[PDB]
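Undergrad: quick one, structure for this:
(3 chains)
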Amino acid sequence: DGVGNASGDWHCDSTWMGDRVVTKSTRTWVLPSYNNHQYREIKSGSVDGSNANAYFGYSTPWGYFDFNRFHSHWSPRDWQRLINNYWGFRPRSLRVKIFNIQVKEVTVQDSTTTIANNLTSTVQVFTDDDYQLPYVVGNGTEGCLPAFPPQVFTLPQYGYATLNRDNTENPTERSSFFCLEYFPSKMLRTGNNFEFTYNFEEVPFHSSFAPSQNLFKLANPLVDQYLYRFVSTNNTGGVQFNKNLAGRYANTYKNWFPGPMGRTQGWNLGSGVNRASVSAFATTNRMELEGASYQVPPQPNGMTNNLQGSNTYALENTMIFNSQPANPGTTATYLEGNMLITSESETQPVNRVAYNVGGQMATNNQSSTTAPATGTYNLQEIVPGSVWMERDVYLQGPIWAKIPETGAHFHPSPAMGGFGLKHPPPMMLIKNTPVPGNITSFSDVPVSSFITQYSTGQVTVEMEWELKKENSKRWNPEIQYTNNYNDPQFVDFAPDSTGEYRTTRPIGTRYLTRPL
Amino acid sequence: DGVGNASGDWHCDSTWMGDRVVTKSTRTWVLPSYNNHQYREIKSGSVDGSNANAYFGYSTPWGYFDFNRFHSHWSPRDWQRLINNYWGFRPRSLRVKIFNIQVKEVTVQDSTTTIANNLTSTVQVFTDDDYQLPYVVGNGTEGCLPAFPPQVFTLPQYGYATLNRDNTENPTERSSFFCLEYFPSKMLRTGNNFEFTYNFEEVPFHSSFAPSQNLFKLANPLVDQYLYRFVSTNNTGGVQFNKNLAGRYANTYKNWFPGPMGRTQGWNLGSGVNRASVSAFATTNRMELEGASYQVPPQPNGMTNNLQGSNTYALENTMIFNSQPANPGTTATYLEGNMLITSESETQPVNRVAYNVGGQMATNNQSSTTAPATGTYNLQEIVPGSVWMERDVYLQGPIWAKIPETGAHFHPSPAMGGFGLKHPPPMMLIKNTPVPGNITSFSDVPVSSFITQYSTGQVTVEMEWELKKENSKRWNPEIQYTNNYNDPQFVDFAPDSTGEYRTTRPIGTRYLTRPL
Amino acid sequence: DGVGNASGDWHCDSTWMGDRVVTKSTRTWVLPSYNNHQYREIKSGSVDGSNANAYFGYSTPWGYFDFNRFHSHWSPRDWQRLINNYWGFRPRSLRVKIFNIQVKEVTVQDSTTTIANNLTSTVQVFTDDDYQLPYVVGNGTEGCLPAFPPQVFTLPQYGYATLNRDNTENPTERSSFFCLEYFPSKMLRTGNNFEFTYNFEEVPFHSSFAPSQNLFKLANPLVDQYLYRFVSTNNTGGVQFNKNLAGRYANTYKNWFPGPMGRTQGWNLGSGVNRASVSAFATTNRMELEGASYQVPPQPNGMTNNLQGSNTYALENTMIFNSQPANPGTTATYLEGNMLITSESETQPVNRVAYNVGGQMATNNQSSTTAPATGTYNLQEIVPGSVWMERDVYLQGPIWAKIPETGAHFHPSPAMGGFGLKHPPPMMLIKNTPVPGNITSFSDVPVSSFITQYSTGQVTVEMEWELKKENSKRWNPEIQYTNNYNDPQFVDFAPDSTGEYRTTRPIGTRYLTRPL
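TA: Residues are numbered from 1 along each chain as shown, chains lettered A, B, ... in the order given. See the structure here:
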């Protein structure tokens, strides 16, 4: 209620309750006064020789809350207890609560930066629950809540890129500008707090199970099919047929088919017999959209890199995390030992691999003169009767994404993994209100001299997850995420002597196994 | 009730009522006695050198009502008030009402064509609401209600093409014949009327908004992704990775993908550097269906001609209306100045252009010997995680179409734009009953001499439209359909000194703008 | 209630509710301690060679709130949605609310200006709702709420000019002095707020429609009048008459007449064939009032500059805004490219142009000796049966004005446009209470050493607007305010890379069209 009273407590826990788990998480944040309290016009042309990077947009002084990663809510033990016990999970509700606001004021006088707090300065928070702003949350950007609870994170500055003109930095007449002070926002002093509740829409469970059985090997290898296959022609043009035998899965009749494919390049990790000195930009899979051509990693769902125990990965198809957060705007050439190169090997009985051709189809009509000929294709889209698996979600990866408000779409599983939401959690924007400096006269030009200041405080996020319980009559034990290190020099998913949070490997969800 | 009393009034109006608009429209029609009151066998072989044009079918004396265009219900001002204020619209109900029937009888005696009315002759009207007839309404044919209310239109003759045999004019044993006098029809004198009500099924709203934001540019250009991309290999085969920077949309990880594509040829309008003297038939995109090969304009949804401000259009992908209705069976070579060549430039942030390749995929497996190679594809079908925009509807274009009664289908947006209906508005068939001439003796052969006669009357159509209200926090003004002509020599969407209804340009729906 | 609690939230929105729109707007203000807390005697003589500029008056330490411009309440999109959809609008209620007061105290010690806040200092606010003060709000002065919500504005100092004597700086015995601490004012600490409600009186709607039809062309051009005109005399003095034909509007009988006129000088913008090197002061239209002569722009209602598509404007008749707010007291010679020269071309079917003579009247009595002669007049006042159009209101222009408390008036449309109010919104005056410095002894002279200090805070203004709905049976589309720029280098009505709010063109209201 006032300055000498706590406006909320530290809730950071998890409570497994049957087929349901709430996951609370309080973090501490810092909000810089971005742009010195003004809207700016960020724009760029073709950098790196590509006019795909040309954008037009606006950068606001508003910061925002991005709790759209799984480690922001899940400890690695509560993640381990999830992915080794349950076949699925999906979010149900959400409860965000910003509290203990305190706003300092830096006063650099003769290089003595005194930092004191003003009790009177406010903080604006609104939530965009009519979805009228550019939703920039679900795009794999930084500025998230940290994985580790005693880390203090700075809130990312809110910008958005509108329509540019002809792949330049210049706008078009459809390019918009959203003023964010034209939205009603709650003014928060140091004794006020901002609560917010949200209920997720009906989404499918994330299929956190690996297949126990190949897709083209769903018949039993004991009894044989009552269907025959064309095998050959005789010395005349008379066709000949053979019975599909029992375990001959290469030529049985299939009833279901794998998912989409676009053949990406496969690069060897580990030892590697890769091509030396490849500038890997000019040969990636691009998807040209209204002018320029864009790299689109990862490719849409229905494929996999990395078959099984092979060091060949499709690096265009994968999600490559770093081990630690990096400095912004770095041009460092990281190697294999720095990254978390993340495999989708668990879905190979259903999905086709991305560094191999998917099949072959007949190219000509045969005759007594022309022999039959086939040709391999590098990409195949949705066929009726297809079945694929969605992208695996990770502890270090995004939870949701917003479906773009277009006319139509085909089934909206995000390519980066997670939950495709039509009405996602609304984007909580926040800024410091501008406090003017010493203004002694009237002028019609607006104030450009402000008290330089930042605010800080805590935020708690309480999600709730409906879980799909495992129910299998499998006899032998399964593979599960065990803590298996040979001679650990450090405890993983735990700090070090420096005090930085050390993660080494990404953690999937498909560890339970389930027959098709 | 009788001959001296009006059997219905002229309702032609529109009543905007919140998120709902009823649009009434009365027109005056003329019904010729088609075929001289008999069923005939229309059939043809390969004309224009193509056996696709070979059909077998039947032509009835029945005429029909085709109010399946948007200008039959919408004035251009009420269309302007729709497409500049609302994000969507869909039909809800329908009410057709045929009234003031009067049937003349032409009597050419010594070249003095006296036209008098017989009070006793009837008119048959039935509606086909069990969908047992070939539904020929939603196919882009003429004979519609006019755009302009005081125009009198003639009702189109009802024919249908059944199954022919082996791309000839001869029938197969599956070819059917539907007698239309085997359906119960209401006999209408000059004092009778025919009412009919219809409620549309649950359809999606037509997305009458343009995107404010590119599909591959949905991240913000301020914070950068926590995902890395394979960039290159070193002097060994060791892979190397770089962080996806903030605004580098050409190589970020994408979550949603564009729609289908088939690469069509792009032709330059305006000035034009087109290839001179092209017979443009042999190089169009065809789709061979059970024998012959058919041109299929427009190609299915998910593409666009005409990027932005460029004079290159994909003429195979577009809807080309004329400015005025034309005489039937004309072989005139119209030019650019006659037609209404209709752009889909508003959907280019989501759809791929039809005169460019959509992307490229890896063609080989790399090694220390073989370098990586990619290959461009000209067509890509549905991939899971796709999102496209539907075809824009126009003031001069069709409202609905019937889904064919087959087994299965994929999401039934008609390629010509509009609303894919499973149970469309039933086809109102109408004919003049045959009045025999002077028959003085009995003969078992049926009567072939009739009183030559036509009927005329009014028809009113009352549709009802549920509207999706615009709700955006966009700050700057939008583009809207304004009446912008530089030195008009005539008022557009209004008559001239001749009295003919002059339209110059087609009117879309996507003028409001909305972020993905 | 206290220092650690927010005393009000940021309301800044608009809610269109049928034929009604509320427009909330919160801004942040800075209040300097004007005059160092004392009343002063501002007076001047003849500057610029004109004794019209000689005034006597008083300058107070009070600042005031001036939300009397349309952009203080309306975003340009909500202004666009108004002027393209409605035929009229007028204010109904008002709700001002000053909150989050915080008062700093600047302490310059050895050129180290430390700015800290005192929790104990107060702020006086009263509202003048008996109209006992000189109302200086509705006069086109600066110090308004900004157009753009995150701009912080400084409150203008309240002064007023009373009666001087004989066009000098000396007062007369009727010259008054209003002490503003003789009015009861609410003392506001940092935990207090000041609410205020107001209901506007019955005013006419602002006619935000252009005429679709000329005033002298209201007959139809098909049938002719039953009234004859004197055309000529014969070889004798016998009069002769002709019938007024159908479309001959130059000599039909008129029933209604245009508004007032005073011929101003017309100057060419754009290319321009203007007279070179004109000191444009000595030839303007003046209106001499009790001694001196005053320029009176704009001239009273009933005229227009700028016919249609011509570059000749009457610059004495127009409202010339700047693109950006300017520094106070500037003597800069702005050009055409800086200003927002604002046209009244939309009202030319009803109003007469200001750079042309309005008509001619007979100067002599004719005879057999003297021929008839006419003479053009340069000004014509109200004639019974007149009809004119009021001044267009703009997004950048004033909302209301106070009618002077005189005896009588003729219909009080303000010449600067807007709503003539008899009891306007009361003028919210505000000052910082004086906190004395170090006073160690008693003296009967009042304290002149104070703690130098300023206060800041937020103010929200909630107006409510009754709207006149458009209802026209016009067929063709209208002209509307579209966002039409050819190659934009910047988004208009939105910031730039500097962060300043960029407006280029003024926005009217007459875009709908309506017949007389």
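Undergrad: C-alpha from now on. contacts and neighbour counts both.
TA: Noted.
Undergrad: look up the closest residue to residue A:78, ignoring the ones flanking it.
TA: Nearest in space to residue A:78, with sequence neighbours left out and distances taken as Cα to Cα, 6 or more residues apart in numbering or on different chains, is residue A:14 at 7.8 Å.
Undergrad: pairing partners for the helix or strand encompassing that neighbour, with directions?
TA: Residue A:14 belongs to strand A:13-16 when elements are defined using DSSP states H and E. Here strand A:13-16 has these sheet partners by DSSP bridges: strand A:20-31 (antiparallel).
Undergrad: gap between the partner strand and the chain center?
TA: Chain-centre distance of strand A:20-31: 19 Å, with Cα atoms, centre = their mean, to the nearest Å.
Undergrad: any residue of whatever helix or strand comes next after it up close to chain B?
TA: Next in sequence after strand A:20-31, counting helices and strands by DSSP H and E, comes strand A:40-44. No - Strand A:40-44 is not in contact with chain B by Cα under 8 Å from any Cα of the partner chain; minimum separation 8.8 Å.
Undergrad: name the helices or strands packed onto strand A:40-44?
TA: On a contact count with 3 or more Cα pairs under 8 Å, 6 or more residues apart in numbering or on different chains; DSSP states H and E, strand A:40-44 meets strand A:55-64.
Undergrad: show residues contacting the strand holding residue A:14.
TA: With contact meaning Cα atoms under 8 Å, 6 or more residues apart in numbering or on different chains, strand A:13-16 is reached by A:21, A:22, A:23, A:24, A:25, A:78.
Undergrad: scan those residues and report the most crowded one.
TA: In terms of neighbours by other Cα atoms under 10 Å in any protein chain shown, the contacts of strand A:13-16 top out with residue A:25 at 26 neighbours.
Undergrad: my guess is that one meets residue A:458, correct?
TA: No - counting by Cα atoms under 8 Å, residue A:25 does not reach residue A:458; the two are 10.3 Å apart.
Undergrad: any idea how far residue A:473 is from chain C?
TA: Computed as Cα to the nearest Cα, to the nearest Å, the residue A:473 to chain C distance reads 59 Å.
Undergrad: for that residue, which three-state class applies?
TA: With DSSP: H, G, I helix; E, B strand; the rest coil as the basis, residue A:473 sits in coil.
Undergrad: and the residue nearest the centre of chain A, how far is that from residue A:71?
TA: The structure's chain A has its C-alpha centroid closest to residue A:398; by Cα atoms, centre = their mean the separation is 3.4 Å. The spacing between residue A:398 and residue A:71, counted by Cα to Cα, to the nearest Å, is 9 Å.
Undergrad: and the helices in chain A, which stretches?
TA: Using DSSP state H, the helices of chain A run over A:76-83.
Undergrad: residue A:286: how many residues sit nearby?
TA: Residues contacting residue A:286 under the criterion other Cα under 10 Å number 23.
Undergrad: that one against residue A:297, yeah?
TA: No - in this structure, residue A:286 is not within contact of residue A:297 by Cα under 8 Å, at 9.0 Å.
Undergrad: you'd agree the residue nearest to the centre of chain A is up against residue A:417?
TA: Yes - shown here, residue A:398 and residue A:417 form a contact pair, counting by Cα under 8 Å, at 7.0 Å.
Undergrad: neighbours around residue A:293, how many?
TA: By other Cα under 10 Å, 21 other residues sit near residue A:293.
Undergrad: and for residue A:226?
TA: With other Cα under 10 Å as criterion, residue A:226 counts 9.
Undergrad: next one: it from residue A:249, what distance?
TA: Taking Cα to Cα, one finds residue A:226 at 14 Å from residue A:249.
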